[PDB]
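Numbering (this note's numbering), first residue to last: 25 to 127. Notes to accompany the following structure.
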């Protein structure tokens, strides 16, 4: 007997490649077939931990990740490892022509 009407929490709306500058805030939102589900943010094959830098905002079937001050390094492959689903993306970060320095 299968109780509770069918309804998984897989990811239907995968992330995408973001293009920002070295010092701006990045927000990676997503969509889940259900709310109240745990997520796993993997950056460069590394397990991330919710903190001042990474603000895991899990709202109505929406998982957003704020990357305060995203430096050229912050750029990496973000893998949203959900219950069973999974989403992969590539972050970008390049300095602007007009700034404190160029190179």
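Heads up, the beta-carbon is just placed ideally off N, CA and C, and yes, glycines get one too.
For the beta strand (DSSP E) containing residue i, list its first residue and its last residue.
| i | result |
| --- | --- |
| residue 64 | Careful: residue 64 lies outside any beta strand (DSSP E) and carries neither H nor E. |
| residue 110 | 110-117 |
| residue 79 | 78-83 |
| residue 101 | 101-105 |
Determine the DSSP secondary structure at residue i, reduced to helix, strand or coil.
| i | result |
| --- | --- |
| residue 54 | coil |
| residue 90 | strand |
| residue 121 | coil |
| residue 45 | coil |
Per the DSSP calculation, residue i is bridged to which residue(s)?
| i | result |
| --- | --- |
| residue 35 | 56 |
query = Hey, is the stretch 94-105 in contact with the stretch 56-69, meaning 3+ C-beta pairs nearer than 8 Å?
reply = yes
task = Decide yes or no for the touch test of the stretch 39-50 against the stretch 115-124: beta carbon pairs closer than 8 Å, at least 3 of them.
result = yes
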